[PDB]
Amino acid sequence: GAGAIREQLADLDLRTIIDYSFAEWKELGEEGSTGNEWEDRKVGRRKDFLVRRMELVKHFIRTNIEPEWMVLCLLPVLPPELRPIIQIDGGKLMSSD
Amino acid sequence: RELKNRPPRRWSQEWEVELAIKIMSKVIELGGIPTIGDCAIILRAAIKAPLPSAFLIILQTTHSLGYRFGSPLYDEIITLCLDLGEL
Amino acid sequence: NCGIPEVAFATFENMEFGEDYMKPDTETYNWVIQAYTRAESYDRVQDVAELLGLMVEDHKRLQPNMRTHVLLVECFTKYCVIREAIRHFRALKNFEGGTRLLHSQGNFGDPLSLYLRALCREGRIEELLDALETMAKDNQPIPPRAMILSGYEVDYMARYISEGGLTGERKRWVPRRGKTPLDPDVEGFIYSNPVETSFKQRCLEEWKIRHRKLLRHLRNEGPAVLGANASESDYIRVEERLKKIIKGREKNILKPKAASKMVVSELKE
Amino acid sequence: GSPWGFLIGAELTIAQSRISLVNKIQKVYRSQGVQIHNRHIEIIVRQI
Amino acid sequence: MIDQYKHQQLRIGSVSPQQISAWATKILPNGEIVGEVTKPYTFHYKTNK
Amino acid sequence: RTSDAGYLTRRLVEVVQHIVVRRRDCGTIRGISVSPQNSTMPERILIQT
């Protein structure tokens with residue numbers, strides 16, 4: 001279930017992730033390739049994945065937001081009056097979905 | 001500007017081996033003692049070249065231990081032991 | 001000195017696009033540079049790049065001073081733009097204030113500790129010696145905070161009377177794996193919001209990595225002119241063998257080339 | 001060189017794109033008898 | 001000519017569970033919290049209360 | 001043809017809504033230079049430019 005996902009979110013260290021993704025980017029950048037179309041387009045997607053990974057991780061590092069909050073555990077509920085049940089004469093009710 | 005093309009050097013351990021006595025000079029010109037990370041690193045930085053300098057002098061303040069025994073000097077043909085005589 | 005960076009920038013924009021008399025001064029750029037390098041959150045290195053660029057473009061009226069190099073050394077070292085720092089450090093070098101002002105007091109994260117520590121952990125060691133000679137000119141000693149690292153018992157039994165794991169119950173000796181968005185290492189003391197990179201025991205890095213400059217010229221076609229020789233394959237073969245470590249072949253100095261000459265010829269050739 | 005070179009190249013590309021786009025936009029309106037000053041076109045083209 | 005500075009702000013971010021609890025939980029003087037909303041009782045089958 | 005025109009107006013404004021005249025001379029020396037004697041632009045498009 002989501003418990004393992006949340007615990008994993010609460011486990012990996014952001015700085016180590018940045019270092020490892022930088023190392024992977026350096027490894028990918030030092031390969032020529034340019035011989036096969038599949039090889040032509042395989043490196044680009046992985047490099048973009050790494051770049052957005054370090055972008056997100058660096059944003060997480062220097063902010064007041066914890067990753068574990070994306071896997072929520074407590075659900076807020078909208079105020080009642082903003083989702084009212086209309087009282088009509090005779091007992092008719094126009095509630096909210 | 002000249003730095004953009006000069007080749008500094010290849011691997012050569014002559015001044016980095018002398019750094020231990022160099023940093024000792026550059027730090028004890030003021031208030032600071034090369035120890036722990038500059039004394040327990042000497043035992044791993046001692047065996048670089050057949051030059052006893054910057055190793056037999058580390059014991060002037062406190063150490064007098066090295067890596068527990070001092071077998072060097074008596075383990076280098078090069079030139080014979082140049083009168084170590086730690087006393 | 002208000003924490004929020006974009007309260008001083010709004011003042012700066014009131015001067016950059018202002019009238020003749022209210023144009024920014026060399027002291028003004030120092031204040032805005034300082035206000036951006038010690039922000040408590042969010043990335044701030046790109047905005048420092050703008051300010052340097054604007055200062056560079058408006059140069060026949062504005063000239064840098066000691067504090068501009070000092071702040072740029074601090075700002076470029078906190079985030080890992082070390083190269084960009086070493087360069088600037090040099091400039092500071094030729095100022096009579098030395099690194100004492102760059103060190104300032106022990107506050108602000110002790111920027112002089114950052115420059116010394118960060119040079120070691122990345123690979124730049126020859127300039128670390130250059131730094132040490134510069135402090136010995138006028139500055140007070142290497143900061144104690146700059147000196148912290150992780151046969152005889154390396155697990156000493158002697159140190160553990162002097163850091164907390166002793167008769168005093170305040171066990172200040174470091175634990176490990178404490179979770180939270182904090183730092184379990186020391187990486188200096190607490191500062192330099194990125195992570196410290198690992199220089200391998202002051203061994204292989206930045207000497208094999210410097211050599212890429214030598215290999216850059218041989219793998220590049222346009223930067224190398226050479227002569228006629230065997231069309232355009234003499235120097236290429238040197239690159240082919242230089243990539244795969246080293247296998248003898250000390251024939252001669254086949255490259256003998258310069259690096260772009262820093263020349264900008266308008267028309268052609 | 002590389003630092004000079006692409007500063008030059010990007011500035012040239014942006015200039016050519018602006019010059020092409022302004023005329024391309026204005027031709028459609030001038031072919032239908034519609035008169036609008038180039039300020040309104042250029043304000044949008046700069047953001048493009 | 002110093003302009004009329006006006007610094008306004010608008011942040012947005014995911015909330016911590018403690019933030020939601022502080023948002024909603026109301027503690028009576030007797031010590032009860034009872035912010036959980038345990039039952040799905042929309043309106044009484046009786047009077048519309 | 002009136003709905004598409006209305007949709008284009010929404011997008012045209014969206015790009016430029018923050019563009020406000022905030023200051024006098026910003027201190028620029030680069031100016032777009034035009035050549036009227038090229039005899040390319042008629043003297044009704046040249047004038048309006």
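Parameters at a glance
Residues numbered from 1 in each chain as written, not as in the entry; some residues may be left out. Chains lettered and ligands numbered in written order. Part of a larger assembly, values for the part shown. Heavy atoms only, no water. Residues with missing side-chain atoms left out of burial classes, pairs and counts. Contact = heavy atoms within 4.5 Å. Buried area = accessible area lost by both parts, 1.4 Å probe. Salt bridge = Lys/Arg side-chain N within 4 Å of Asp/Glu carboxyl O. Polar contact = N/O pair within 3.5 Å; in protein donor to acceptor, adjacent residues only side chain to side chain. Helix = DSSP H or I, 4+ residues; strand = E, 2+ residues; numbered from the N terminus. Nonpolar A, V, L, I, M, F, W, Y, C, P; charged D, E, K, R; others polar. Expected span 1.5 Å × (residues − 1). Buried < 20%, exposed > 50% of the residue type's maximum accessible area, 1.4 Å probe, protein only. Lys, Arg positive; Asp, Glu negative; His and termini not counted. Arc of directions from axis to C-beta. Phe/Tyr/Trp six-rings, centres within 6.5 Å; stacked < 30°, edge-to-face > 60°. Axes fitted to C-alpha atoms, helices over the stretch in contact; angles between N-to-C directions. Parallel < 35°, antiparallel > 145°, perpendicular 65-115°, else oblique. Left-handed = near helix turned anticlockwise from the far one by under 90°.

- As summarised from the PDB record, the model derives from cryo-EM at a stated resolution of 3.16 Å.

### Here we look at the interface of chain C and chain B
Part 1 of the reasoning: Facing the 24 residues of chain C at the interface are 24 residues of chain B.
Part 2 of the reasoning: Between chain C and chain B, a total of about 2100 Å² is buried, with carbon and sulfur atoms accounting for 65% of that surface.
Part 3 of the reasoning: Per-residue buried area on chain C facing chain B is highest for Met147(C), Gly151(C) and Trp207(C); these three make up 20% of the total on that side.
Part 4 of the reasoning: Where chain C touches chain B, the interface holds 0 salt bridges.
Part 5 of the reasoning: Linking chain C to chain B there are 2 residue pairs in polar contact.
Part 6 of the reasoning: At the level of elements, α5 (83-93), α8 (126-138) and α9 (211-219) of chain C are the ones that each hand at least two residues to the side of chain C that touches chain B.
Part 7 of the reasoning: When the residues that make up the side of chain C that touches chain B are grouped by side-chain class, the tally is 12 nonpolar, 5 polar and 7 charged.

### Considerations on helix α3 (residues 37-61) of chain A
Part 1 of the reasoning: Helix length check: α3(A), at 25 residues, gives a terminal C-alpha distance of 37 Å against a target of 36 Å (1.5 Å per residue), a fit within 8%.
Part 2 of the reasoning: Turning to α3(A), the residues buried within the fold contact α2 (14-29) of chain A.

### Points about the interface of chain D and chain F
Part 1 of the reasoning: Every contact between the two is made by 7 residues of chain D and, on the other side, 8 residues of chain F.
Part 2 of the reasoning: For the pair chain D and chain F, the summed buried area comes to about 750 Å², and 60% of that belongs to carbon and sulfur atoms.
Part 3 of the reasoning: Ranking the residues of chain D by area buried against chain F places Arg30(D), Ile44(D) and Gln47(D) at the top, with a combined share of 50%.
Part 4 of the reasoning: Counting across the interface, chain D meets chain F through 0 salt bridges.
Part 5 of the reasoning: The tally of links from chain D across to chain F stands at 2 residue pairs in polar contact.
Part 6 of the reasoning: At 4 residues, helix α2 (residues 38-47) of chain D tops the list of elements feeding residues into the side of chain D that touches chain F.
Part 7 of the reasoning: Of the residues assigned to the side of chain D that touches chain F, the class counts are 3 nonpolar, 3 polar and 1 charged.

### As for the side chain of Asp38(B)
Part 1 of the reasoning: Structurally, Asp38(B) can be placed in the loop between α1 (19-28) and α2 (42-45).
Part 2 of the reasoning: One buried charge, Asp38(B), has no salt-bridge partner; the nearest side chain with opposite charge is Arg202(C), at 5.7 Å.

### Some points on α2(D)
Part 1 of the reasoning: Taken together, the buried positions of α2(D) are occupied by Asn38(D), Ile41(D) and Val45(D). Buried residues in α2(D), looked at end-on, bunch into an arc of 65 degrees, giving them a common side. In this structure, α2(D) carries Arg39(D), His40(D) and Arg46(D) as exposed residues pointing more than 90 degrees from its buried face.
Part 2 of the reasoning: Next to the buried residues of α2(D) lie α1 (2-30) of chain D together with α2 (45-48) of chain F.

### Regarding the packing of aromatic side chains
Part 1 of the reasoning: Per the counting criterion, the structure on display carries 8 aromatic pairs over all chains.
Part 2 of the reasoning: Residues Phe22(A) and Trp25(A) carry aromatic rings whose centres are separated by 6.5 Å and whose planes lie at 40 degrees to one another, so their mutual orientation is tilted. Here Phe22(A) pairs with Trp25(A), and both are found in helix α2, just 3 residues apart, close to one helical turn.
Part 3 of the reasoning: Of the residues examined, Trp25(A) reaches a relative accessible area of 35% and is grouped as partly exposed.
Part 4 of the reasoning: Measuring from centroid to centroid gives 5.0 Å for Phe12(C) and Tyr29(C), while their planes differ by 75 degrees, and the two rings are edge-to-face.

### Looking at the packing of helix α2 (residues 26-37) of chain C against helix α4 (residues 66-78) of chain C
All names here are of chain C.
Part 1 of the reasoning: Here α2 crosses α4 at 20 degrees, and the two axes come no closer than 10 Å. Judged by the angle between their axes, α2 and α4 are roughly parallel. Where α2 crosses over α4, the handedness of that crossing is left-handed. Residues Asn30, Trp31, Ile33, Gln34 and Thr37 of α2 form the contact with α4, whose participating residues are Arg67, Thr68, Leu71, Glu74, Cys75 and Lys78.
Part 2 of the reasoning: When grouped by side-chain class, the residues that make up the contact of α2 with α4 number 4 nonpolar, 4 polar and 3 charged.

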